[PDB]
There are 2 protein chains.
Amino acid sequence: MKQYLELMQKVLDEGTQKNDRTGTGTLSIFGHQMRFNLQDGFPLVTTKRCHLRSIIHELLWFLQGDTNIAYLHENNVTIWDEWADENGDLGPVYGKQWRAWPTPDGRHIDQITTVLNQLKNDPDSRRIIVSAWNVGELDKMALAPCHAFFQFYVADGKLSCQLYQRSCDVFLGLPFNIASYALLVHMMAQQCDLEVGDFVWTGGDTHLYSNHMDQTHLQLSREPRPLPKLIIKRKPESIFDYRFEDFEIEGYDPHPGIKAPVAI
Amino acid sequence: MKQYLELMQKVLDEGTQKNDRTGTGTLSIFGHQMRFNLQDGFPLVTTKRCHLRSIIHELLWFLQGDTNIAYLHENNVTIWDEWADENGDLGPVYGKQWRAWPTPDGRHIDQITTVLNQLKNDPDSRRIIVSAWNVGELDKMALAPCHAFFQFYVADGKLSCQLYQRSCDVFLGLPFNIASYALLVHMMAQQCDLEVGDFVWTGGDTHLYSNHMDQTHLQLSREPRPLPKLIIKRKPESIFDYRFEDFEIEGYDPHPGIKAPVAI
Ligand SMILES: *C1=[C@@]2(F[C]2N2[C]([C][N]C3=[C][C]=C(C(=O)[N][C]([C][C]C([O])=O)C([O])=O)[C]=[C]3)[C][N]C3=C2C(=O)[N]C([N])=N3)C(=O)[N]C(=O)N1[C]1[C][C]([O])[C]([C]OP([O])([O])=O)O1
Ligand SMILES: *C1=[C@@]2(F[C]2N2[C]([C][N]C3=[C][C]=C(C(=O)[N][C]([C][C]C([O])=O)C([O])=O)[C]=[C]3)[C][N]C3=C2C(=O)[N]C([N])=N3)C(=O)[N]C(=O)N1[C]1[C][C]([O])[C]([C]OP([O])([O])=O)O1
């Protein structure tokens with residue numbers, strides 16, 4: 001998509017060489033922001049084929065409050081396999097944090113429910129936020145949250161969401177984080193009788209792994225096609241009730257996929 | 001500063017009318033990002049004289065993990081007066097979450113110490129963060145962190161910082177926020193022998209309260225001046241050792257101050 005492709009070119013033009021945890025080495029920039037008007041089309045990358053199945057399944061898994069890959073397996077999604085223990089566990093990652101952030105006083109807060117309630121009774125609130133960034137549990141997580149905190153906003157009968165992504169693998173993670181947050185907005189928007197507004201993505205260390213440079217230049221040589229269109233076929237009783245099947249992406253015609261290795 | 005006045009103009013030209021919590025009404029935009037090269041001078045508004053002493057103590061108050069305005073008082077700093085209790089407590093706000101995030105099990109994690117250790121031992125790290133957004137203790141705070149979450153980055157011996165500000169008062173709060181974090185980059189940069197890099201500011205709900213329309217217009221017509229320069233007179237032995245006397249500004253020739261009511 002135009003915005004995505006401009007971020008890539010930005011990394012290349014202004015990125016500095018950095019060593020990283022995975023010992024692979026990156027090209028990184030610090031602080032970026034791009035806006036996607038969800039009414040223009042569904043933000044699914046077209047200059048490379050993306051695997052929607054994996055995208056959706058992962059989010060349904062987040063919303064369930066699950067942190068074990070079994071679910072992901074039953075559905076043939078193996079994007080998290082490498083961080084998973086012998087038992088399929090990832091520790092208190094996203095889904096636990098979103099649905100049951102543990103408080104110091106033996107309580108547990110469901111952040112999605114909270115947000116949902118806020119978008120309905122006090123949408124002018126400047127406190128409509130979900131944080132995966134739970135400092136008391138980071139040491140028990142397979143990996144610390146990449147997409148760590150988000151905030152909603154309603155104005156003119158449109159829901160907007162802004163994401164603060166602390167670390168971003170531009171080639172592999174980014175296309176995934178974008179289509180995912182966008183589908184979240186559409187889902188929230190349906191539950192609250194809002195129209196879709198903007199998805200604004202903000203980044204922390206945004207980088208290209210040193211082993212994704214050729215694939216990067218290949219992609220860039222491609223011209224984006226018209227964005228797909230999301231069609232939700234049902235209105236479940238709760239946000240927690242979507243099924244893989246309620247969702248339909250129309251008009252998706254991307255360039256051929258490009259393989260690249262994930263740094264572990 | 002040019003970045004600042006442009007944002008002030010943007011709220012006016014595009015903000016949508018919102019009924020806020022204070023009941024004042026505000027002009028609002030969702031999502032904005034500005035960057036400040038700390039190398040080019042300290043980001044202290046010059047189109048209105050800023051109260052540097054309030055900015056400094058507030059900060060030093062934070063680093064101590066103090067949640068009591070007592071200390072703010074002794075230094076004749078009244079900015080947190082209206083939200084404190086009869087005892088002068090605000091609850092586990094900023095100071096408490098920076099210096100002692102209460103874990104579920106009874107421990108406490110010192111996020112500041114952690115960040116120092118990370119900058120000294122693992123600068124390339126992508127998890128260098130401090131969060132004041134402790135979901136479990138939000139109901140205990142007088143008000144929720146406006147400056148929620150921030151993250152440090154190191155590239156080429158330079159230390160950069162990025163702040164996620166969920167709610168922002170362009171007129172009163174903003175200038176205070178920008179110079180407060182800048183000041184921090186500076187004390188961080190020095191205790192860790194790095195050069196200063198960029199200060200990236202990202203906001204959620206960014207607004208101008210409707211009773212600041214005048215002051216805003218008054219301010220929108222002055223020519224920004226050159227930015228001052230920060231001098232750290234001494235190298236304390238630890239970052240919890242700064243003092244007011246240690247900081248000096250130079251070349252701060254501001255336009256005259258502007259008085260404005262605070263929305264409570
Ligand atoms: C981070 C995050 F959280 C991500 N991630 C994870 C996992 N996930 C995934 C994986 C893989 C993939 C793929 O491969 N894709 C492909 C295929 C599809 C199918 O097959 O289905 C395409 O697309 O083509 C996907 C997904 C964990 N880990 C990791 C990740 C990434 O991404 N990368 C890496 N290297 N690793 C998010 O969300 N995002 C992002 O971006 N991230 C990242 C950032 C960095 O780089 C990392 C982390 O680390 P630190 O250190 O920073 O912490 O990652
Ligand atoms: C939020 C925050 F946390 C701010 N803030 C606070 C306090 N601080 C302050 C106050 C006041 C001031 C003034 O006035 N200043 C002046 C003077 C100085 C002397 O005198 O000393 C000038 O500057 O001139 C300052 C400071 C708390 N509260 C509040 C505040 C503000 O600002 N505003 C209001 N209204 N209140 C931060 O940090 N930031 C921000 O921005 N904030 C804000 C945002 C909003 O608006 C609010 C909150 O609400 P929600 O709903 O969102 O939560 O705030």
Side-chain angles (χ1 to χ4, degrees), chain A residues 15-21 26 28-33 35 97 101-109 111 114 122-131 133-139 144-146 148-149 151-156 160-162 164 166-168 197-198 200 202-205 207, chain B residues 15-21 26 28-33 35 97 101-109 111 114 122-131 133-139 144 146 148-149 151 153-156 158 160-162 164 166-168 197-198 200-205 207:
Chain A
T16 324
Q17 300 211 294
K18 266 197 138 195
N19 286 295
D20 65 310
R21 175 183 64 82
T26 79
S28 119
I29 64 176
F30 184 74
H32 195 247
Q33 190 180 85
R35 185 172 299 260
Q97 292 317 150
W101 169 292
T103 90
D105 50 24
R107 295 173 308 135
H108 287 74
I109 324 269
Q111 308 181 76
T114 299
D122 193 19
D124 289 325
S125 195
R126 298 175 300 212
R127 273 155 212 209
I128 304 173
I129 284 163
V130 177
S131 197
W133 200 277
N134 176 172
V135 172
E137 305 204 302
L138 292 166
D139 72 306
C146 305
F149 175 91
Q151 193 190 184
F152 290 93
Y153 175 83
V154 188
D156 296 329
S160 296
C161 183
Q162 176 177 202
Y164 185 84
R166 76 152 193 96
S167 179
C168 172
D198 281 336
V200 176
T202 303
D205 185 326
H207 45 271
Chain B
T16 62
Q17 297 226 25
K18 284 178 101 228
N19 169 255
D20 69 303
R21 163 187 70 91
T26 66
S28 181
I29 65 156
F30 188 63
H32 197 237
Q33 183 165 87
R35 180 180 299 272
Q97 309 301 333
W101 172 296
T103 68
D105 65 358
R107 298 188 296 130
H108 297 87
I109 295 164
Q111 298 186 84
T114 306
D122 196 22
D124 302 304
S125 189
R126 304 181 280 226
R127 304 153 179 194
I128 306 152
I129 296 182
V130 182
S131 197
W133 203 262
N134 185 155
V135 169
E137 308 219 280
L138 294 168
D139 62 335
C146 309
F149 197 87
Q151 165 179 204
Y153 172 92
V154 187
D156 296 335
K158 279 178 211 195
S160 308
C161 179
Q162 181 167 201
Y164 193 78
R166 52 110 179 146
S167 186
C168 177
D198 298 332
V200 193
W201 175 96
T202 294
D205 188 324
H207 47 261

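In the text below, chain A, chain B and the rest are named by the order of the sequence lines, each starting its count at 1. Excluded from the calculations below are hydrogen atoms, water molecules and symmetry mates; all remaining heavy atoms, backbone and side chain alike, are included.
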Closer than 3.5 angstrom, by distance alone: can the side chain of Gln162(A) be matched with the main-chain N or O of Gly203(B) as a donor-acceptor pair?
yes
With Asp156(B), which residues qualify under side chain to side chain donor-acceptor pair (under 3.5 Å), at least two apart?
none
If the plane angle is over 60° it's perpendicular, under 30° parallel, otherwise tilted; pick one for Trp133(A) and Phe149(B).
perpendicular
Heavy-atom contact with chain B under 4.5 Å, split by part of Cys161(A):
backbone
Contact part of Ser160(A) toward chain B, heavy-atom cut-off under 4.5 Å: side chain, backbone, both or neither?
both
Of the non-hydrogen atoms in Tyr164(A) and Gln151(B), which two are nearest, and what is the gap between them?
OH-NE2, 2.6 Å
Partner chain A: residue of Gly197(B), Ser28(B), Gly106(B) with the largest heavy-atom pair count (under 4.5 Å):
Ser28(B)
Selection from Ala148(B), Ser125(B), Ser167(B) maximising heavy-atom pairs under 4.5 Å formed with chain A
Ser167(B)
Report the option among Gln17(B), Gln111(B), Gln97(B) that has the most heavy-atom pairs separated by less than 4.5 Å from atoms of chain A.
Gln111(B)
Given a strict heavy-atom distance threshold of 4.5 Å, which part of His108(A) is in contact with chain B: side chain, backbone, both, or neither?
neither
Heavy-atom nearest pair, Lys18(B) first then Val154(A), reads CE-O, 3.5 Å
Closest heavy-atom pair, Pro104(A) versus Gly136(B), reported as atoms and distance to 0.1 Å, is CD-O, 4.2 Å
Per-residue contact mode, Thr114(A) against chain B (heavy atom under 4.5 angstrom)
neither
Highest number of heavy-atom pairs under 4.5 Å with chain B: which of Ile129(A), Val200(A), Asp198(A)?
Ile129(A)
State whether the side chain of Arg166(B) and the backbone N or O of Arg126(A) hold a donor-acceptor pair below 3.5 Å, judged by distance alone.
yes
If you tally heavy-atom pairs under 4.5 Å against chain A, which of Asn19(B), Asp124(B), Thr103(B) wins?
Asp124(B)
Less than 4.5 Å to any heavy atom of chain B: does that hold for the side chain of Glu137(A), its backbone, both, or neither?
side chain
If you tally heavy-atom pairs under 4.5 Å between each of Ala144(A), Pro102(A), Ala155(A) and chain B, the highest tally belongs to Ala144(A)
Considering non-hydrogen atoms only, spot the tightest contact between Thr16(B) and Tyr153(A) and give its length.
OG1-OH, 4.0 Å
Under the side chain to side chain donor-acceptor pair (under 3.5 Å) rule, collect the residues that match up with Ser131(B), sequence neighbours excluded.
none
With only heavy atoms counted, which part of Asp122(A) is less than 4.5 Å from chain B, the side chain, the backbone, both or neither?
neither
Rounded to the nearest 0.5 angstrom, the CD1-CG distance for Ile109(B) and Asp139(A) is 6.5 Å
What part of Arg107(A) gets within 4.5 angstrom of chain B, counting heavy atoms only: side chain, backbone, both, or neither?
side chain
